[PDB]
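Just so we're aligned, residue 1194 is where the sequence shown starts under the working numbering, counting upward by one.
Ideal Cβ placement from N, Cα and C applies to all residues, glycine included.
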Amino acid sequence: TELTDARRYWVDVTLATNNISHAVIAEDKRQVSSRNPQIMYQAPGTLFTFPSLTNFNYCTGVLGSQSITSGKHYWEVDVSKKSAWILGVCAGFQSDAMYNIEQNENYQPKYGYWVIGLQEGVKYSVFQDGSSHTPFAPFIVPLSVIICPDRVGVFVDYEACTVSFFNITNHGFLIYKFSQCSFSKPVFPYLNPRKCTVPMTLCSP
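This is the structure in structure tokens:
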């Protein structure tokens, strides 16, 4: 029901190539993954190695080719076999340096970030606003996921200022929903493999 009504605003979303992420967007702009060329042709010795220069973080964030400033929008993302990824809605990477967001996965709605993430394979969580005393760290909240989602549906109601996440694999049951979102700027669909080499696609009806 709630998912069927949201599917009424199904839009064709295409990724936009940016020069601030190490992500790899397909030619059709309908698929994105992680890993970068051979190995950044840098090989700290063992090629892939384990970039300790900043390990535990790859920094691969991408947005949509079209911005959202009104009306409702809905699109699905296929994260099958993926052990980690970040998807939802973003207002851009304008405030990514000030709070080393992408660098330290500092996703926060106050920074223009309304997304959810999965890590380790079975660790789902929702990024929320964190204490100002520690601006370089978000308030990650663990989500109770019983049926690992093989496809997530994102619904955005600019007018209502809300971002919902549906579990297509779970009868399309609601996973999380951002309410009273500060939609004062143009938002775009956020996607992030999260070091995960497994590509995340966007169905498209």
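Residue state for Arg1201 is assigned as helix, using DSSP reduced to three classes. The criterion of a C-beta distance shorter than 8 Å is not satisfied by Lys1316 and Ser1258. Membership of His1266 in the beta strand (DSSP E) is indicated by the continuous run 1265-1271.
Under the 10 Å beta carbon count, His1326 is surrounded by fewer than 16 other beta carbons and is classified as exposed. A Cβ-Cβ contact shorter than 8 Å links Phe1381 with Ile1261. Residues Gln1321, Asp1322, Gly1323 of the same chain have their beta carbon placed closer than 7 Å to that of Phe1332, with the five preceding and five following residues left out of the count. 8 Å or more divides the Cβ of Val1391 from the Cβ of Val1270. Between the beta-carbon of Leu1336 and that of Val1206 there is about 23 Å, and that puts the pair past the 8 Å contact cut.
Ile1213: not part of any beta strand (DSSP E); DSSP gives it neither H nor E. Look at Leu1208 here: in three-state DSSP terms it is strand.
Inter-segment contact for the segment 1285-1294 and the segment 1358-1374 is absent: fewer than three beta-carbon pairs are separated by less than 8 Å. DSSP lists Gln1224, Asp1271 as the bridge partner or partners of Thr1394.
Here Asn1299 is buried, its C-beta having at least 16 other C-beta atoms within 10 Å.
Within the same chain, and ignoring the five residues on either side of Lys1378 in sequence, the residues whose Cβ sits closer than 8 Å to its Cβ are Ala1284, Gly1285, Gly1305. For the 8 Å CB-CB criterion, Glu1313 and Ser1276 form a contact.
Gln1301 sits in coil when the DSSP states are folded into three classes, being neither helix nor strand.
The three-state secondary structure of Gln1296, taken from DSSP, is helix.
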